Amino acid sequence: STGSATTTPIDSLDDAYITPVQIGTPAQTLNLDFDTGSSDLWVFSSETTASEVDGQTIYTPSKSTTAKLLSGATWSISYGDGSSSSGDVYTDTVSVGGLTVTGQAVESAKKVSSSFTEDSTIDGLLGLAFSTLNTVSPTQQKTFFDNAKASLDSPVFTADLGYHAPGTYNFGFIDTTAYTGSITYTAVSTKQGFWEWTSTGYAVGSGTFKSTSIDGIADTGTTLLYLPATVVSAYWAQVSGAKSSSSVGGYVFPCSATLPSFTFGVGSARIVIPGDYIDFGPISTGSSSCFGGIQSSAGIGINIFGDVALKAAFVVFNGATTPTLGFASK
Ligand SMILES: OCc1nc([C@]2(O)CN[C@@H](c3nc(-c4ccc(C(F)(F)F)cc4)no3)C2)cs1
């Protein structure tokens, strides 16, 4: 089997991408944030505290003929931005782009933190990291990809995110029309439960390539590119007036600037992020200070190849027995 679904930016900044997901019978379609950096499929629901729901579409398990309470199971998760959610668990039929998993754990939120309430466009998350990170207790649950894997034509999914434009998540096949050149595959460590790999270095704009190992994770659920402070400083030093602002929480730059590209290494190959992809616009409406798309990972504890990096590439998440990541230009 295969599936293919379009993913769409939630706003003009590409802050996140949402993908329609069918849950239950008859189908209830919710727009979920596919997150290769976590492993819970959770949704706003008829159980979510009413004061914490503000415009989201909710899953109502009592209206699904295939929903079953996963008795005694609870979940609770926090994200890298400090946001969180928690609740109980149903199993139900879940379909993404024509690919169906029966008995998928659908984690129903009883509580969500303010950032989720405030984002009316995100109805929940669909985790695509390794199932060892799933937070359901006392019986840990598998991700949608893990459940589908044995049925897929090939044990892979691909992320083809757009820049200020829709893109595609495919399951079970590699669309050879979606990229240019070849896909370069690189080894993955699952030791932390992430799609963790080692970039071979970087370049700023037209500069020469710096060969240096950069461990990090491929995370579709993170907006920006978080790299070591040395690398990030070398980038922003090329932008007149750019500076790290503790009050804003990262590097800002004059909105009058044209940004250089940023290249990262994948083995002997290179992915070039255009400068425009690094512009996240005014820090507040009308400001002439703009927020940078490349930020320091210092104090996060891990480098994150988030959407800024991933949307410059066609990315293969190969979940074979020995997992790998593939990157191609597009
Ligand atoms: O500790 C550093 C690390 N962090 C992670 C992640 O937690 C897993 N991927 C990312 C992710 N964030 C979100 C997300 C957070 C908040 C919202 C809100 F604003 F709507 F609330 C929406 C989406 N989704 O995925 C970060 C992995 S490593």
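Position 1 is the first residue of the sequence, and the numbers go up from there. Because only heavy atoms are used, hydrogens play no part in the values below, and waters and symmetry mates are left out as well, while side chains stay in. Order of appearance sets the numbers: ligands from 1, and atoms from 1 within every ligand.
Between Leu125 and ligand 1, no N or O atom pair is found at a separation short of 3.5 Å. At under 3.5 Å, a nitrogen or oxygen of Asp219, whether backbone or side chain, sits near a nitrogen or oxygen of ligand 1. In terms of polar-atom proximity, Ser115 is not counted as a contact of ligand 1, lacking any N or O under 3.5 Å from an N or O of the ligand. Between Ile304 and ligand 1, a contact under 3.5 Å exists for no N or O pair.
Contact between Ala165 and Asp14 at its shortest, heavy atoms only, is N-OD1, 4.4 Å. Smallest separation of non-hydrogen atoms from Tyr59 and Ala67: OH-CB, 3.5 Å.
For the pair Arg270 and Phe264, the cation-pi criterion (under 6.0 Å, within 45° of the ring axis) is not fulfilled.
One N or O on the side chain of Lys330 and one on the backbone of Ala313 form a donor-acceptor pair closer than 3.5 Å.
The distance from ligand 1 to the heavy atoms of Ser83 drops below 4.0 Å at these ligand atoms: 16 (C), 21 (F). Close contacts between ligand 1 and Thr222 involve ligand atoms 9 (N), 10 (C), 26 (C) [criterion: under 4.0 Å to a heavy atom]. The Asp33 neighbourhood of ligand 1 comprises atoms 23 (C), with distances under 4.0 Å to a heavy atom of that residue. The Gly37 neighbourhood of ligand 1 comprises atoms 8 (C), 9 (N), 27 (C), with distances under 4.0 Å to a heavy atom of that residue. Less than 4.0 angstrom separates some heavy atom of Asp81 from each of these atoms of ligand 1: 15 (C), 16 (C), 19 (F).
The distance between the ring centers of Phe171 and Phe144 falls below 6.0 angstrom. No close placement of the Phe280 and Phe291 rings is indicated, their centers lying 6.0 Å or farther apart.
The nearest heavy-atom contact from the protein to atom 25 (O) of ligand 1 is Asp35 OD2, 2.8 Å. Of all protein heavy atoms, the one lying nearest to atom 13 (C) of ligand 1 is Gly221 O, 3.4 Å. What sits closest to atom 2 (C) of ligand 1 on the protein, heavy atoms only, is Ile300 CG2, 3.5 Å. The shortest contact between atom 7 (O) of ligand 1 and any protein heavy atom is with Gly80 N, 2.9 Å.
In this model, no donor atom of one side chain and acceptor atom of the other lie less than 3.5 Å apart for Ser76 and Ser86.
Proximity of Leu225 to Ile273: side-chain heavy atoms (C-beta onward) are separated by under 4.5 Å at one or more points.
The heavy atom nearest to atom 18 (C) of ligand 1, out of those in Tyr79, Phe34, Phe116, is found in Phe116.
A distance of 4.5 Å separates CD1 in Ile77 from OG in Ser38, rounded to the nearest 0.5 Å.
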